[PDB]
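Everything below concerns the one structure shown next.
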Amino acid sequence: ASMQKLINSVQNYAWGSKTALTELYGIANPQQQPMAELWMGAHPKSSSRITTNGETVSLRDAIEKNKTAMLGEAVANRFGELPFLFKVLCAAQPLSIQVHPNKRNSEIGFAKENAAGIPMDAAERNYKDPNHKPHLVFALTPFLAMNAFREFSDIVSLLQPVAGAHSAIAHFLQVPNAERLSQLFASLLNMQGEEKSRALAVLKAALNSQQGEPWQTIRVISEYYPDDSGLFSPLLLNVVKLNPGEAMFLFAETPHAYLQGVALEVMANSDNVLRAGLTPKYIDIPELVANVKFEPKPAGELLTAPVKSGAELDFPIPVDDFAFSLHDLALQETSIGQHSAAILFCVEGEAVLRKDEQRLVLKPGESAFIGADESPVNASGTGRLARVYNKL
């Protein structure tokens with residue numbers, strides 16, 4: 001009861017890997033389903049579970065019944081529920097380019113969709129919270145992604161070989177500024193019919209005459225999205241490969257995409273998503289442009305710089321909703337404590353948690369819920385444990 005081993009949901013979305021969770025963590029998949037996301041938290045659709053008495057209960061249900069005790073008063077008063085959802089993501093194919101609206105615009109979209117009466121669960125629901133809902137991603141295997149606009153002159157260099165693909169490209173090259181970058185982003189997304197095929201032919205041709213990145217990433221993408229205007233997006237947006245242990249915060253109003261690999265992600269039970277390419281779904285382009293900041297982000301500023309204090313490696317996050325830390329285990333115990341509920345996930349090695357008399361082993365890929373009332377616990381072993389919690 002002090003420390004609770006989690007039973008977690010695996011979402012079998014069609015883009016998931018049939019093997020990654022099995023290779024990494026020994027998770028059984030004899031039916032060979034795609035295993036896209038492993039969920040750690042209290043999502044009302046698919047809450048993690050804990051064991052009673054013998055029986056299991058929804059973690060969400062348990063929290064709901066003893067909110068202050070399990071969450072801590074700070075989190076109870078501030079959020080009224082577990083304020084994060086923690087995932088393992090296994091992208092076996094590239095996923096869609098996404099933008100998260102800011103606070104003001106999330107309020108409006110949420111309100112606009114509510115006024116129009118669209119169910120929260122509908123596929124047309126882009127806005128599920130009136131707050132900006134940020135994400136952090138942390139690489140467990142090499143993790144290929146796109147994030148934010150590149151420096152204007154990086155984009156200039158990259159578009160020259162495809163200058164003939166669309167007049168909007170030549171227009172940007174003439175004066176590579178925010179206004180024309182915005183115009184280019186929208187024009188590419190709005191290409192239709194022979195205008196679209198002409199542009200994609202110019203791009204293909206370039207895949208044969210240009211070597212290295214981001215051309216290679218485009219090739220990887222095109223296997224899954226051969227007829228998507230988003231094939232141009234790596235020329236506009238930074239392409240990053242995170243090494244295992246590196247992390248990146250996804251800011252509002254900023255196009256990004258997870259392209260390949262396995263990562264931890266921290267987010268919330270509610271999310272706001274505007275799609276921006278690599279999708280066969282409908283894009284409201286005006287609305288998208290209205291929710292994007294066309295401001296370059298230097299590649300040097302993409303990764304989150306963590307802070308090491310003793311055994312703890314904190315990844316400072318500029319919101320209160322959640323915090324994220326990595327803890328290096330040793331054979332001598334170290335105390336891990338927080339004012340909030342916490343979830344601890346064994347990244348590698350093996351962790352032995354202790355609270356008083358209770359002992360709990362986590363092998364890689366396993367997790368435990370620690371209620372606010374049960375902090376601190378002692379951790380020993382080898383490898384590393386990841387913690388999601390609240391610093392409030």
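Labels used: A, B, ... for chains in the order of the structure tokens, numbers from 1 for residues in each chain, and numbers from 1 for ligands as shown.
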
For residue 56 in chain A, list every protein, DNA or RNA residue within 12 Å, evaluated using only C-alpha atoms, and leave out those in the same chain fewer than 5 positions away; present the list as a PDB file with N, CA, C and O atoms, in the first residue's frame.
```pdb
ATOM      1  N   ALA A   1       0.834  -1.232   0.000  1.00  0.00           N
ATOM      2  CA  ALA A   1       0.000   0.000   0.000  1.00  0.00           C
ATOM      3  C   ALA A   1       0.859   1.268   0.000  1.00  0.00           C
ATOM      4  O   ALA A   1       0.475   2.225  -0.650  1.00  0.00           O
ATOM      5  N   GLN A   4       3.044   1.815  -4.763  1.00  0.00           N
ATOM      6  CA  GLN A   4       2.146   0.953  -5.514  1.00  0.00           C
ATOM      7  C   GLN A   4       2.632   0.671  -6.921  1.00  0.00           C
ATOM      8  O   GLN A   4       2.765   1.590  -7.705  1.00  0.00           O
ATOM      9  N   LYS A   5       2.861  -0.612  -7.192  1.00  0.00           N
ATOM     10  CA  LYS A   5       3.293  -1.030  -8.492  1.00  0.00           C
ATOM     11  C   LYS A   5       2.140  -0.782  -9.474  1.00  0.00           C
ATOM     12  O   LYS A   5       1.005  -1.168  -9.248  1.00  0.00           O
ATOM     13  N   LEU A   6       2.444  -0.098 -10.557  1.00  0.00           N
ATOM     14  CA  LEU A   6       1.401   0.261 -11.502  1.00  0.00           C
ATOM     15  C   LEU A   6       1.142  -0.810 -12.508  1.00  0.00           C
ATOM     16  O   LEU A   6       2.062  -1.394 -13.047  1.00  0.00           O
ATOM     17  N   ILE A   7      -0.135  -0.993 -12.806  1.00  0.00           N
ATOM     18  CA  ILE A   7      -0.569  -1.737 -13.998  1.00  0.00           C
ATOM     19  C   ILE A   7      -1.057  -0.728 -15.023  1.00  0.00           C
ATOM     20  O   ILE A   7      -2.027   0.008 -14.774  1.00  0.00           O
ATOM     21  N   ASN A   8      -0.398  -0.739 -16.192  1.00  0.00           N
ATOM     22  CA  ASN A   8      -0.490   0.312 -17.156  1.00  0.00           C
ATOM     23  C   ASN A   8      -1.058  -0.127 -18.526  1.00  0.00           C
ATOM     24  O   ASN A   8      -0.844  -1.255 -18.994  1.00  0.00           O
ATOM     25  N   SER A  47      -7.113   4.594 -17.011  1.00  0.00           N
ATOM     26  CA  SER A  47      -6.280   4.940 -15.891  1.00  0.00           C
ATOM     27  C   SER A  47      -5.347   3.750 -15.613  1.00  0.00           C
ATOM     28  O   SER A  47      -5.759   2.595 -15.787  1.00  0.00           O
ATOM     29  N   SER A  48      -4.139   4.027 -15.171  1.00  0.00           N
ATOM     30  CA  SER A  48      -3.313   2.955 -14.580  1.00  0.00           C
ATOM     31  C   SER A  48      -4.094   2.397 -13.387  1.00  0.00           C
ATOM     32  O   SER A  48      -5.027   3.043 -12.866  1.00  0.00           O
ATOM     33  N   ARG A  49      -3.724   1.194 -12.986  1.00  0.00           N
ATOM     34  CA  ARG A  49      -4.373   0.502 -11.914  1.00  0.00           C
ATOM     35  C   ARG A  49      -3.365   0.104 -10.848  1.00  0.00           C
ATOM     36  O   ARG A  49      -2.149  -0.017 -11.098  1.00  0.00           O
ATOM     37  N   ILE A  50      -3.894  -0.100  -9.647  1.00  0.00           N
ATOM     38  CA  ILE A  50      -3.088  -0.473  -8.499  1.00  0.00           C
ATOM     39  C   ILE A  50      -3.799  -1.629  -7.824  1.00  0.00           C
ATOM     40  O   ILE A  50      -4.962  -1.866  -8.060  1.00  0.00           O
ATOM     41  N   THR A  51      -3.069  -2.358  -7.010  1.00  0.00           N
ATOM     42  CA  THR A  51      -3.615  -3.588  -6.423  1.00  0.00           C
ATOM     43  C   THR A  51      -4.012  -3.356  -4.981  1.00  0.00           C
ATOM     44  O   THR A  51      -3.232  -2.816  -4.237  1.00  0.00           O
ATOM     45  N   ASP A  61      -9.584   6.444  -9.598  1.00  0.00           N
ATOM     46  CA  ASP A  61     -10.661   6.288  -8.609  1.00  0.00           C
ATOM     47  C   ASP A  61     -10.112   6.455  -7.249  1.00  0.00           C
ATOM     48  O   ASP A  61     -10.794   7.022  -6.433  1.00  0.00           O
ATOM     49  N   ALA A  62      -8.906   5.934  -7.007  1.00  0.00           N
ATOM     50  CA  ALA A  62      -8.258   5.970  -5.687  1.00  0.00           C
ATOM     51  C   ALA A  62      -7.889   7.387  -5.290  1.00  0.00           C
ATOM     52  O   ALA A  62      -8.124   7.806  -4.169  1.00  0.00           O
TER      53      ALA A  62
END
```

Strand (DSSP E) positions in range 293-334 of chain A, given as a VMD selection string: chain A and resid 307 to 309 312 to 314 323 to 328 334

List every residue of range 200-261 of chain A that has an atom at most 6 Å from any atom of range 84-102 of chain A, giving for each one its closest atom pair and the distance in Å to one decimal, counting only C-alpha atoms, sorted by chain and then by ascending residue number, as CSV.
```
residue,atom,partner,partner_atom,distance
A:252,CA,A:100,CA,4.9
A:253,CA,A:101,CA,5.4
A:254,CA,A:99,CA,5.4
A:255,CA,A:99,CA,4.8
A:256,CA,A:97,CA,5.4
A:257,CA,A:97,CA,4.5
A:258,CA,A:95,CA,5.7
A:259,CA,A:94,CA,3.9
A:260,CA,A:91,CA,5.1
A:261,CA,A:91,CA,5.5
```

Output of the above residues as an mmCIF file, in the first residue's frame, restricted to N, CA, C and O atoms:
```cif
data_model
loop_
_atom_site.group_PDB
_atom_site.id
_atom_site.type_symbol
_atom_site.label_atom_id
_atom_site.label_comp_id
_atom_site.auth_asym_id
_atom_site.auth_seq_id
_atom_site.Cartn_x
_atom_site.Cartn_y
_atom_site.Cartn_z
ATOM 1 N N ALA A 252 4.418 26.279 -27.065
ATOM 2 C CA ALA A 252 3.186 26.657 -27.745
ATOM 3 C C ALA A 252 3.505 27.284 -29.108
ATOM 4 O O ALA A 252 4.561 27.819 -29.274
ATOM 5 N N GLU A 253 2.593 27.185 -30.065
ATOM 6 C CA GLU A 253 2.645 27.993 -31.339
ATOM 7 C C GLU A 253 3.842 27.644 -32.228
ATOM 8 O O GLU A 253 4.342 28.479 -32.987
ATOM 9 N N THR A 254 4.263 26.379 -32.091
ATOM 10 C CA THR A 254 5.500 25.883 -32.604
ATOM 11 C C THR A 254 5.327 24.525 -33.232
ATOM 12 O O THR A 254 5.026 23.535 -32.547
ATOM 13 N N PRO A 255 5.526 24.444 -34.560
ATOM 14 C CA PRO A 255 5.320 23.171 -35.210
ATOM 15 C C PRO A 255 6.379 22.135 -34.780
ATOM 16 O O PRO A 255 7.569 22.477 -34.639
ATOM 17 N N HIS A 256 5.954 20.883 -34.598
ATOM 18 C CA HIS A 256 6.872 19.845 -34.216
ATOM 19 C C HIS A 256 6.313 18.507 -34.631
ATOM 20 O O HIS A 256 5.140 18.404 -34.911
ATOM 21 N N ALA A 257 7.127 17.454 -34.605
ATOM 22 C CA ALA A 257 6.674 16.124 -35.006
ATOM 23 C C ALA A 257 7.660 15.098 -34.443
ATOM 24 O O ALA A 257 8.844 15.355 -34.359
ATOM 25 N N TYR A 258 7.144 13.977 -34.009
ATOM 26 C CA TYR A 258 7.927 12.861 -33.582
ATOM 27 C C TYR A 258 8.079 11.944 -34.816
ATOM 28 O O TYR A 258 7.079 11.533 -35.410
ATOM 29 N N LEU A 259 9.295 11.673 -35.233
ATOM 30 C CA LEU A 259 9.507 10.951 -36.494
ATOM 31 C C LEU A 259 9.931 9.504 -36.311
ATOM 32 O O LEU A 259 9.538 8.663 -37.115
ATOM 33 N N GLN A 260 10.698 9.191 -35.273
ATOM 34 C CA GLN A 260 11.174 7.804 -35.112
ATOM 35 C C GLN A 260 11.863 7.621 -33.795
ATOM 36 O O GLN A 260 12.595 8.481 -33.366
ATOM 37 N N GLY A 261 11.687 6.462 -33.203
ATOM 38 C CA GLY A 261 12.374 6.109 -31.982
ATOM 39 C C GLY A 261 11.424 5.988 -30.803
ATOM 40 O O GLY A 261 10.213 6.100 -30.941
#
```

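The closest residue to residue 301 in chain A, picked from A:148, A:329, A:264, A:201 and counting only C-alpha atoms, is A:148.
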
Shell around range 209-217 of chain A at 7 Å using only C-alpha atoms, local window under 3 positions removed, as a VMD selection string: chain A and resid 205 to 206 220 to 221 234 to 235 239

Best match for closeness to residue 249 in chain A among A:133, A:351, A:176, A:207, counting only C-alpha atoms: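 Of the candidates, the smallest distance to residue 249 in chain A is held by A:133.
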
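Contact shell of residue 168 in chain A at 9 Å (only C-alpha atoms; same-chain neighbours under 5 positions omitted): residues 163, 173, 180, 181, 183, 184, 185, 187 and 188 of chain A.
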
Residues of range 115-276 of chain A in helix (DSSP H, G or I), written as an MDAnalysis selection string: chainID A and resid 115 152:165 167:174 178:190 193:209 215:224 229:235

Residue neighbourhood range 11-22 of chain A, 7 Å, only C-alpha atoms, exclusion window fewer than 5 positions, as a count of residues only: 14

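Every protein or nucleic acid residue with an atom no more than 10 Å from residue 285 in chain A, counting only C-alpha atoms and leaving out same-chain residues fewer than 2 positions away, appears here: residues 185, 186, 187, 189, 190, 274, 275, 276, 282, 283, 287, 288, 289, 290 and 291 of chain A.
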
Save out the residues we just selected, N, CA, C and O atoms, as a tab-separated table (two decimals), in the first residue's frame.
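Full text of again_35.tsv as output:
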```tsv
chain	number	residue	atom	x	y	z
A	185	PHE	N	4.65	28.68	-45.52
A	185	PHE	CA	4.05	27.59	-44.72
A	185	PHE	C	2.60	27.33	-45.12
A	185	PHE	O	2.21	26.18	-45.38
A	186	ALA	N	1.81	28.39	-45.23
A	186	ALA	CA	0.44	28.20	-45.59
A	186	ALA	C	0.32	27.71	-47.06
A	186	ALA	O	-0.53	26.85	-47.32
A	187	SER	N	1.11	28.31	-47.98
A	187	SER	CA	0.97	28.00	-49.40
A	187	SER	C	1.28	26.53	-49.65
A	187	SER	O	0.57	25.85	-50.41
A	189	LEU	N	0.97	24.09	-47.50
A	189	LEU	CA	-0.12	23.29	-46.98
A	189	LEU	C	-1.34	23.35	-47.84
A	189	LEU	O	-2.06	22.38	-47.93
A	190	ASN	N	-1.61	24.49	-48.47
A	190	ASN	CA	-2.73	24.60	-49.33
A	190	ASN	C	-2.55	24.10	-50.77
A	190	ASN	O	-3.46	24.24	-51.56
A	274	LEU	N	-3.33	21.33	-33.13
A	274	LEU	CA	-3.69	21.73	-34.51
A	274	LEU	C	-2.72	20.98	-35.45
A	274	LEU	O	-1.55	20.97	-35.19
A	275	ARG	N	-3.21	20.29	-36.45
A	275	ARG	CA	-2.31	19.58	-37.35
A	275	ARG	C	-1.73	20.48	-38.39
A	275	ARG	O	-2.39	21.43	-38.80
A	276	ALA	N	-0.51	20.15	-38.82
A	276	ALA	CA	0.33	21.01	-39.66
A	276	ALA	C	1.04	20.28	-40.83
A	276	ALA	O	1.96	20.83	-41.41
A	282	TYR	N	-8.17	16.85	-42.31
A	282	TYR	CA	-8.46	18.21	-42.70
A	282	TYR	C	-7.64	19.17	-41.87
A	282	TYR	O	-7.61	19.06	-40.65
A	283	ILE	N	-7.00	20.12	-42.53
A	283	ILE	CA	-6.35	21.22	-41.84
A	283	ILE	C	-7.06	22.55	-42.13
A	283	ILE	O	-7.13	23.00	-43.28
A	287	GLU	N	-6.65	29.04	-39.43
A	287	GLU	CA	-6.61	28.90	-37.99
A	287	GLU	C	-5.23	28.48	-37.53
A	287	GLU	O	-4.72	28.99	-36.52
A	288	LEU	N	-4.62	27.57	-38.29
A	288	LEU	CA	-3.26	27.10	-38.01
A	288	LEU	C	-2.26	28.26	-38.03
A	288	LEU	O	-1.51	28.47	-37.06
A	289	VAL	N	-2.33	29.09	-39.10
A	289	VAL	CA	-1.37	30.21	-39.26
A	289	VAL	C	-1.52	31.17	-38.06
A	289	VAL	O	-0.53	31.72	-37.54
A	290	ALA	N	-2.78	31.35	-37.64
A	290	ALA	CA	-3.12	32.25	-36.53
A	290	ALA	C	-2.56	31.76	-35.20
A	290	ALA	O	-2.43	32.51	-34.25
A	291	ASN	N	-2.20	30.48	-35.14
A	291	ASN	CA	-1.69	29.87	-33.90
A	291	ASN	C	-0.21	29.43	-33.97
A	291	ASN	O	0.22	28.58	-33.21
```

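Using only C-alpha atoms, the shortest contact distance between residue 389 in chain A and any of A:377, A:355, A:338, A:273 is found at A:338.
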
Residue neighbourhood residue 381 in chain A, 9 Å, only C-alpha atoms, exclusion window fewer than 6 positions, as number ranges by chain: A: 328-333, 349-353

Closest of A:266, A:76, A:40, A:313 to residue 136 in chain A - atom-to-atom distances counting only C-alpha atoms: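 Counting only C-alpha atoms, the residue closest to residue 136 in chain A is A:266.
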